[PDB]
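Q: Following this: a sequence and the matching experimental structure.
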Amino acid sequence: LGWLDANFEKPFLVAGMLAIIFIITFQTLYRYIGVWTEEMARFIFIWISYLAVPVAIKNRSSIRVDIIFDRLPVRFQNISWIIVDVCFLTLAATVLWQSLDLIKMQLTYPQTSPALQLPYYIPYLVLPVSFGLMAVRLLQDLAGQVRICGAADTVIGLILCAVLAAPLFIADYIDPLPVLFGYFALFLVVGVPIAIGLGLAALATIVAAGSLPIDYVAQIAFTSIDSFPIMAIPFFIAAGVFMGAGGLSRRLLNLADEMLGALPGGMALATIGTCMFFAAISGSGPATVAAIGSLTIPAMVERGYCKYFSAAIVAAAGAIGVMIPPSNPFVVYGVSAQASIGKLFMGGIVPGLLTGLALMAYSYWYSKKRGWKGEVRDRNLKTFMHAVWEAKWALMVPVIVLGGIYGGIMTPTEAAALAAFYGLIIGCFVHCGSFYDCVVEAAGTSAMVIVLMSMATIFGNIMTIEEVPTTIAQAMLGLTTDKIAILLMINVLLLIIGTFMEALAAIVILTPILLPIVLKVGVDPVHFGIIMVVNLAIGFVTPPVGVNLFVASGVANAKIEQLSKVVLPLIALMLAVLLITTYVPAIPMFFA
Amino acid sequence: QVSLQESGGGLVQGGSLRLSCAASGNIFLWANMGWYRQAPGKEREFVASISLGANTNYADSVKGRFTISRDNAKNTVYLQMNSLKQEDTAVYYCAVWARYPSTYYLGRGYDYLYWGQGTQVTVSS
Ligand code: NA
């Protein structure tokens, strides 16, 4: 039973992920050529999103903040892992018990869906099964950990969790917010994945404070991600994965070299041109650093460039991946803020270009200063046309994502789906076990975000029920009322947050609070989105938690403490673009 | 307490009545706002709705005819009614509800809409 002991869920993720790609793609093709199908895809997409979690525990690849986990000894590192499993097991069991009761009640009173007509107890079997699988995978890893740690450690880990959860039941009533934030910080600091840290924080408040009936959690979990716009996350992630691993990044890098290889520092100008070209393919920063940093960094060092400068320019140059569409943070914002994704995408183009121009100019200045130079080659119209022809598959995707959205032809999630379908086609017919493994990786990666959004929706709901967005809004207005003085305060706050928190985690936590106040003083909701994303993209390359630095440092085996100094000038040039977009809303929103 | 005060209502000639509704209360700002029209001998149907981030959802008949906007500073929702026809002569109710559903029951989410008194919108020929 080894195949079921390890790879039980993976076949379903592969089967489901392919389905929603085909279902949504077929829905789109017939729609354009010229309705119940969306209901089916949304039900399946919920199935893979929660089935894929059990995998993410056995791989132990859950996204989390490990700023102090790394600092802790090995012994304390193990204790942190047993605590994470217990905490994540408390959440998994609770959503299991409520999910069963919810199904039992739904059986008593049947209730069918609009289009499919399925009883609602059928599509909700994801909650009991998936949190049923999740709970066992936790039990396996917990069993393995206790073998690794021992009897003394295990009781230390368990007793610590007992004291952690004791106050919730000891006291009949405790204030909602202190418990909500107090626990969210603890789980975040200890090492629990952010998505889970939110869920347990919300779950703890419901218990002690009774903000919502406990039965709401399961219903919120399924309903919070029952929307079509959110489906653009897995589609874009799949499209990037099937193409990032392809090796077309080398074809772009050759094209970027052709354009900008002649100028002094032309190599570092080629790197930035590549990341910008690959920014219109991948919707992530670290996907861009890894997909390009793997190639350019060893090449730059060999040509003579300092490795640290090669690591720096690649980290910052890759942050453009989230600016130029596609990009996850915009999709996370468009869903969490209920803003227009078709407008956020076009919003970030101009800030993305300005950041690239800013870096290219600085690179030109640095190279000319240090005497660095590019390669020698007789590039001409013949060679340029040859390079364009080679990267054609890479350059075809931006047409689909932009033409579909900007042109008003397709919804953002429809255009995302066509991209993944295209990624598969070029992911096999231009390059089975590897293809099977990639599909698991895309679904595993998407589920890392959707589960975060579901747990955030429960979190955001408890905050709204406590009028937190107004409590913050009144304090800010009273302190100052000027729109400019306000946008400065937000932009600073996000900068401090970006050095400590993940981009997507911060977006979902903060958008529920910041969105109203900035709207009161007349900031466009979309404009605040571009500010938020651009302000968090700079968070990729800001220590200690550099979401892009870590990838580049690994590809170069550098030292972050030393790589941080090299990239500091690059941060400043990005902050210049940040202020320009914030306080000159005309140009960043030229299209949007 | 919340007391919506619809404004701009009244008889119309086909011109636009450019309905406006302003919410008064201790609230800071509504997450959602919308319009419902209850034609005589008919049901309180759905006209239009605008999200906090300015996602506008219209009823099928209203698609492209009525534009809904908002002024977050004044806490006012506008329904720039256009190209009105005798097929549309119903009273109009200004509705506003929160960001998240207030109650859940058997795996579905429900909204508790706060309602304005309404303004007859009469159209002839
Ligand atoms: Na991108």
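A: Looks like it arrived, so ask away. Numbering: from 1, shown residues only, chains lettered A, B, ... in the order given.
Q: C-alpha from now on. contacts and neighbour counts both.
A: OK.
Q: And the residue sitting furthest away from the middle of chain B, its phi and psi?
A: In chain B, residue B:106 marks the outermost C-alpha relative to the chain mean, sitting 28.1 Å out by CA atoms, centre = their mean. For residue B:106, the backbone dihedrals (degrees, to the nearest 10) come out as phi 60, psi 40.
Q: Leaving out sequence neighbours, find the closest residue to it.
A: Leaving aside its sequence neighbours, residue B:106 sits nearest to residue A:106 (CA to CA, 6 or more residues apart in numbering or on different chains; 6.0 Å).
Q: isn't there a helix covering that neighbour?
A: Yes. In this structure, residue A:106 lies within a helix as judged by DSSP: H, G, I helix; E, B strand; the rest coil.
Q: so who does it touch?
A: Contact partners of residue A:106, counting by CA atoms under 8 Å, 6 or more residues apart in numbering or on different chains, are A:120-121, B:106.
Q: which one among those gets closest to residue A:183?
A: Of all these, residue B:106 has the smallest distance to residue A:183: 29.1 Å, by CA to CA.
Q: Name the residue of chain B with the shortest distance to the ion.
A: Relative to the ion, the nearest point of chain B is residue B:53 (22.2 Å; CA to the ion).
Q: can you give me the helices for the stretch 351-500 of chain A?
A: Assigned by DSSP state H, counting those that start in this stretch, the stretch 351-500 of chain A shows helices spanning A:381-390, A:392-406, A:412-428, A:433-465, A:468-479, A:483-498.
Q: Nearest to the ion among those would be which one?
A: Across the helices of the stretch 351-500 of chain A, closest to the ion is helix A:392-406 (CA to the ion), at 9.5 Å.
Q: tilt between the closest one and helix A:381-390?
A: 70 degrees (axes from the mean of the first three to the mean of the last three CA atoms, to 10 degrees).
Q: The residue of chain A found nearest chain B: what secondary structure?
A: Residue nearest to chain B within chain A (CA to the nearest CA): residue A:339, separated by 4.2 Å. Put simply, residue A:339 is coil when judged by three-state DSSP.
Q: what about the nearest residue to it once chain neighbours are set aside, distance to residue B:82?
A: Distance criterion CA to CA, 6+ apart; nearest residue to residue A:339, sequence neighbours excluded, is residue B:53 at 4.2 Å. Using CA to CA, to the nearest Å, residue B:53 is found at 23 Å from residue B:82.
Q: More neighbours: which of the two?
A: A direct count of neighbours by other CA atoms under 10 Å in any protein chain shown for residue B:53 and residue B:82 places residue B:53 higher, at 24 against 16.
Q: That one sits in which helix or strand?
A: Counting by DSSP states H and E, no helix or strand carries residue B:53.
Q: picking that back up, okay if I get the contacts of residue A:106 as TSV plus distance to residue A:474?
A: Converted to TSV, those look like this (distance: CA to CA, whole Å):
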residue	distance to residue A:474
A:120	42
A:121	43
B:106	37
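Q: can you give me the strands for chain B?
A: For chain B, the strands defined by DSSP state E cover B:3-7, B:19-24, B:32-38, B:48-50, B:56-58, B:67-71, B:76-80, B:91-97, B:103-104, B:109-110, B:114-115.
Q: helices or strands up against the last one?
A: Okay, so that is strand B:114-115. strand B:91-97 (3 or more CA pairs under 8 Å, 6 or more residues apart in numbering or on different chains; DSSP states H and E).
Q: Close to the ion: what parts of chain A are there?
A: Residues of chain A found near the ion (CA under 5 Å from the ion) are A:279-280, A:282-283, A:321-322, A:324-327.
Q: Name the member of these with the most neighbours.
A: Neighbour counts for these, by other CA under 10 Å, peak at residue A:326, which reaches 32 neighbours.
Q: Please give the element, helix or strand, for the residue lying closest to it once chain neighbours are set aside.
A: Nearest in space to residue A:326, with sequence neighbours left out and distances taken as CA to CA, 6+ apart, is residue A:283 at 4.8 Å. Of the helices and strands defined by DSSP H and E, none includes residue A:283.
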